[PDB]
Amino acid sequence: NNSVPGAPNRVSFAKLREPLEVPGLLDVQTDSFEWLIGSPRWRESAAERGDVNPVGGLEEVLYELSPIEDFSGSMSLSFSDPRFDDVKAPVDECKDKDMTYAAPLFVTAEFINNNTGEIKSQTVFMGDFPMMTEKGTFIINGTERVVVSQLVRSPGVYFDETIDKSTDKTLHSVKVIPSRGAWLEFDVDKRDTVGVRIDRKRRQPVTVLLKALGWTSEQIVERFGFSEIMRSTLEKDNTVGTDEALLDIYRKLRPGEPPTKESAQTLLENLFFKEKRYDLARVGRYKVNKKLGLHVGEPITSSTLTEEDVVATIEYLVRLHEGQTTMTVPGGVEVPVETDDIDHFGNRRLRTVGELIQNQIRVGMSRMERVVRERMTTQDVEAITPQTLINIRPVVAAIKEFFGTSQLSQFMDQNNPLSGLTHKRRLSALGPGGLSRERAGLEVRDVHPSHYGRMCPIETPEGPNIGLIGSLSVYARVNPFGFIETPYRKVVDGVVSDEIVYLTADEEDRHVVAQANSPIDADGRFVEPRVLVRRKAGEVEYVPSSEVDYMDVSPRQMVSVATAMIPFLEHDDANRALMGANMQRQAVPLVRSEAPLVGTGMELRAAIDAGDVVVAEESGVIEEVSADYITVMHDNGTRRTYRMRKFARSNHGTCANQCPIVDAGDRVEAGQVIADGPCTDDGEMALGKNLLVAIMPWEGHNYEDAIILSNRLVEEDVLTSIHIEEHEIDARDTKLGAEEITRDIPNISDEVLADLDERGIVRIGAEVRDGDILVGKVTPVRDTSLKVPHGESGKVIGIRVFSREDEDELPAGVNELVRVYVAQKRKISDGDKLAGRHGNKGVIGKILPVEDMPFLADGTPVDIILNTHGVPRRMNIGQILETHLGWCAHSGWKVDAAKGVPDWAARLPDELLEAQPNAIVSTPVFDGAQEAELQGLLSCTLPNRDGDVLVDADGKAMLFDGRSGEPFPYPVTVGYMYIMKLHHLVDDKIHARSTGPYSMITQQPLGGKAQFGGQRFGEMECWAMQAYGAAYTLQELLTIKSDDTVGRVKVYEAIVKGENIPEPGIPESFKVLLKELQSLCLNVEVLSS
Amino acid sequence: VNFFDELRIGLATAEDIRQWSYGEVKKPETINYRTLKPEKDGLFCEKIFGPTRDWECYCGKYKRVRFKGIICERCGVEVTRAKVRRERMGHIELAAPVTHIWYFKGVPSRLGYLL
Amino acid sequence: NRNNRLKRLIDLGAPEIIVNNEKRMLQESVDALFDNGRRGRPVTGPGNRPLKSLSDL
Ligand SMILES: [Zn+2]
């Protein structure tokens, strides 16, 4: 069932079949933009889904705007039908040449003059559009970009309820939150004053505004006769009269203005019926209609609030106050009456990139149309042309600044493909248009029983931004409105249905959802009469096997993408699982990757959709292959070539390559991987290696999370990585002259510049050491050449120089910007982080020689030793099972079957009973090998080539100490466990500073490793020094090593000689404080006496 | 050197400020926008505070290193390290006496209670 | 600027009203310099942003 053509074969501990393949993992990101621009594929998909009206994004935004007109009604303009064009240049050059992947858009505008009756229609250029590449990213100025979705509360109506502490009576509050306009709050109080708060005003009785519209008092009485408290309020109100009511409403809204009937009559429709001033998104209108069951049969076209909505809302509020369960309105079917909840996924919508870009271009269009209408009103009416009207600067500027500074435009972290996919799939909750950190409540950061199937509960950043950043579920797909969905198969009469449907939160609540893991017969019959189930909210209880209506699809329907590939996830703890999931997004691509021996079946699929691996489009036969390019011949006679970038700096400092895995003369089928990118092995993810682990405390070197590594890893490049630095210098013009890069440089010995070439740059392939010169330039002449920072080294792989003479776009005011790439090969050393997939971090405490590590009975030294005291306290026992299964798979097994399948081997797939050495196995999450399976397997491992079996049935083995040479008294556990490598290397951290450049404005040493600056000295250190009673040390730290210039010079000279250190002087801070306080006329004396 | 038995804040007076400063600013012009140099008696004139560079007379008459404490008659500046620029002040002369904002507005207003 | 204007104006000569107005302007300038926003509308040049007076150090 390997959907991809030629993926590696790895039998799995499969017990249940999923009736649908995982949907395209990036379809969520691309569908939004596809809808926004508008393409035939999106139109066909929308028609398939059944939506009556196919409407694009650009067309919608710039059609709801037109037709613009002047107040005199003598002029009008319209322009619709936006269409796009081809590309400027391919993506490779756009990223390398510093350009921006875009394309032009043309809108056909029609220019109509009312009083005359003429039409002026022709195409118009409207700037460029940052098109989306096929991997769901935006290339801006050569730097990758990825916009993250956002969570917002859908505009609608929410019926809140607060219980009074004194009255102990229910207060039902209803608040409407439209896209833009006034906010209405109808609250029944102890005093019974059912009033309104329009724009945070005083609570004015609802009857006042109800009559203000002219609502007949008799209709108030009859329609509210069932209501008692509201009838009392009606009898209690004093002011009566349509004119009086509307005038009072206007005074409450706008007091101090001429009170007239026309003013209030116009303001009513302007604040509630002028669509431009008061607007709600179609999602809001649809959700409100569903809430009240009013206007259900028609497709929403008018997006304004209506009076019947308000009257139905107040009726609903009063009925709820009476305590009724369900309410009905004429023309509306029966619906329940209950309070709404903020943290329900039937209310919190999801605004993809489409909504954000549409809003930004809408703002741009508003800014453009204001000036356009003013210009047409003022400009000559005879020879006016739309070309002269439309101004393109505002929209382009708006999109550019949105891409530049908007917080929703983050650089796509690219440590490895998994990180990129997770970042593309992220679900943010903060940023512009959202709540802040201090104002956001703590409850929102907690789970909600409606999260199951939509947002993973495990994956989350560890920092303070916990609960505000989730991730789509595996099978979740956004509905055309923005409400996440989730697949289900509906049980009709107790028989499972293969056909599936997608249900949103509201419909999910209103039905009965079964359990995927519940046993089901092959014929679709429920073997059990009682099957557990999930109910309205936090309710689970057995029910007969007939009334059950819906059943899930697969057990892995609530995990994120990253968490879906952590074997034995059903055994770890929540915190440990979250830590492991977060760790998996920090691996570093190695030089020679290897696929894991034990891993879920969601590895190859997560790699193909990751985009970082090429794949053939049509089934052809390869003619020839090369390390730099490939040429595949299609069956129709069309030759095609793919170019693979080799050693190009990743967006985060790591390296990226591609090595084709195909041979010359093979008929490669369509969809078959052709090249493996970083962290890949035969078209499947591989973030780490396989090491032979042992669990025992060893001479305290592995004390408290430390780790010990055999030197075999160091000397075999098992964990050797490549990191590529990047530097650039520029020669920008100045008032005093223009700087030029030149080989010559004043007063420098020939040896120093022995590397620079004739043009003034270092030749390619020349070793560079810290403090060396990397590119020379002269400043009108002084020396300001660029030099390698403190703590860098390696080869020089390539130099890019951009020249204005060759017609290369450069930032304004520059002539020659040159960037140099330095690549260094790092071998794993002491002080480096390592961590498995179960979230057990550590540091390399010591790297013993290969001749010192413990070795198996047959002479196979182990490669890494883990502590044991940290396993049961942290309670991550899953890794022990992973180690056992890894050893079992590595050594190969053969279960006895001559006498028959053992009872413990009943459910094993018939093809999983006979394996080979270095076999591959996969345990899907929540459905994998049980403890009995491991017990049976460990008793049938194939013997070593020497004829003997090393490990026992339990999994432990007899070792031999390398130092003493005598065996340990007790057996120890061993096995192969997958080990990654984190990005927190040691070379970055280590740094020293004795004497160096001093800041000029503060007279303090610089900061940061790159600048070669000293460390910070917090006030807590001052408190600690004071506690010890140490005075002279504090005096030195505060005076002689930070501020006093003459003090520093004198102490350095004395140290250089044999003289005693002279006593410190007056710090610069105190003298500055004096010379500053003396400026406020406060004569600050010293009184040395 | 580093002996501070006490510290007392005294209320200054016009003559005290006259004594403190080394110049009399007269123009608001900042560093020149063309030659990037201070203007005559401007807000950065070397004739008030000191030389922009170290051991450098404004006209170059006494730019040699072996010049310390020698005021140049040609350009009217002193020859010392650029640090001295940070340790000298200037005083503006007022054509009309004023009040100290910290007193007639402070709570309690010292002027109000005293007067 | 205000002080140099006061000097030039007194050199040129004028009745009491204008000179007193200029003196008040100078007083306000000095008060703002010693502290901005201490009383009245604080001075704001860019983006209606209050400026950091001497006392803010
Ligand atoms: Zn001179």
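Chains as they are written, first to last, in the deposited numbering: chain V, 29 to 808, 832 to 1140; chain F, 4 to 118; chain H, 349 to 405. Backbone N, C-alpha and C define an ideal beta-carbon position, used for all residues, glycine too.
Below 6 Å, is the gap between the Cβ of residue i and the nearest heavy atom of ligand 1?
i, result
"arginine 77 (chain F)", "yes"
"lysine 64 (chain F)", "yes"
"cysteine 60 (chain F)", "yes"
Counting contacts by CB-CB distance shorter than 7 Å, is residue i in contact with chain F?
i, result
"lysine 400 (chain H)", "no"
"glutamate 1136 (chain V)", "yes"
"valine 378 (chain H)", "yes"
"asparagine 368 (chain H)", "no"
"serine 1050 (chain V)", "no"
"residue 312 (chain H)", "As displayed, chain H neither begins before 349 nor continues past 405, which places residue 312 (chain H) out of reach and without an answer."
"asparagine 396 (chain H)", "no"
"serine 1139 (chain V)", "yes"
Identify whether residue i lies in helix, strand or coil by the three-state DSSP scheme.
i, result
"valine 472 (chain V)", "helix"
"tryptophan 944 (chain V)", "strand"
"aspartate 188 (chain V)", "strand"
"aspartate 758 (chain V)", "strand"
"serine 1120 (chain V)", "helix"
"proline 905 (chain V)", "coil"
"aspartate 1005 (chain V)", "coil"
"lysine 239 (chain V)", "helix"
"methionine 404 (chain V)", "helix"
"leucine 963 (chain V)", "coil"
"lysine 319 (chain V)", "helix"
"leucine 1131 (chain V)", "helix"
"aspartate 551 (chain V)", "coil"
"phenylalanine 61 (chain V)", "helix"
"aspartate 978 (chain V)", "coil"
What are the partner residues of residue i, as DSSP defines its beta bridges?
i, result
"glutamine 388 (chain V)", "Paired residue(s): none; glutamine 388 (chain V) is not in a bridge."
"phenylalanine 70 (chain F)", "The partner list for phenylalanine 70 (chain F) (beta bridge, DSSP) is empty, contrary to what the question assumes."
"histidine 751 (chain V)", "V:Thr682 and V:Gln875"
"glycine 849 (chain V)", "V:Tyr872"
"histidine 200 (chain V)", "V:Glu189"
"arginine 517 (chain V)", "V:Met579"
"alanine 703 (chain V)", "V:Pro688"
"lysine 1032 (chain V)", "V:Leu885"
"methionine 611 (chain V)", "Its beta-bridge partners do not exist; DSSP assigns none."
"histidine 662 (chain V)", "V:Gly648"
"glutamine 232 (chain V)", "V:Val224"
"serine 738 (chain V)", "V:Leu899"
Quick one: is residue i near chain H, going by C-beta distance under 7 Å?
i, result
"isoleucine 51 (chain F)", "no"
"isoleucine 104 (chain F)", "yes"
Could you confirm whether any beta carbon from chain B is found closer than 7 Å to the beta carbon of residue i?
i, result
"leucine 1133 (chain V)", "No chain B is part of this structure, whose protein chains are labelled V, F and H."
Are the C-beta of residue i and some C-beta of chain V separated by less than 7 Å?
i, result
"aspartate 57 (chain F)", "no"
"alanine 15 (chain F)", "yes"
"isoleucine 12 (chain F)", "yes"
"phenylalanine 6 (chain F)", "yes"
"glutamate 96 (chain F)", "no"
Count the C-beta pairs between the region 196–203 of chain V and the region 299–308 of chain V that are closer than 8 Å, then say yes if the count reaches three, no if not.
no
Is the region 366–386 of chain V touching the region 178–186 of chain V, taking contact as three or more C-beta pairs under 8 Å?
yes
Are the region 546–562 of chain V and the region 595–615 of chain V touching, with three or more C-beta to C-beta distances below 8 Å?
no
With contact counted as at least three CB pairs below 8 Å, one residue from each stretch, are the region 1058–1078 of chain V and the region 635–654 of chain V in contact?
no
Does the region 507–527 of chain V come close enough to the region 575–584 of chain V that 3 or more CB-CB pairs lie under 8 Å?
yes
Across the region 734–748 of chain V and the region 454–467 of chain V, are there enough close Cβ pairs to call them in contact, namely three or more that are closer than 8 Å?
no
Closer than 8 Å is the cut-off here; do at least three beta carbon pairs connect the region 164–174 of chain V with the region 188–196 of chain V?
no
Would the region 711–728 of chain V count as touching the region 1018–1036 of chain V if we require 3 or more Cβ pairs under 8 Å?
yes
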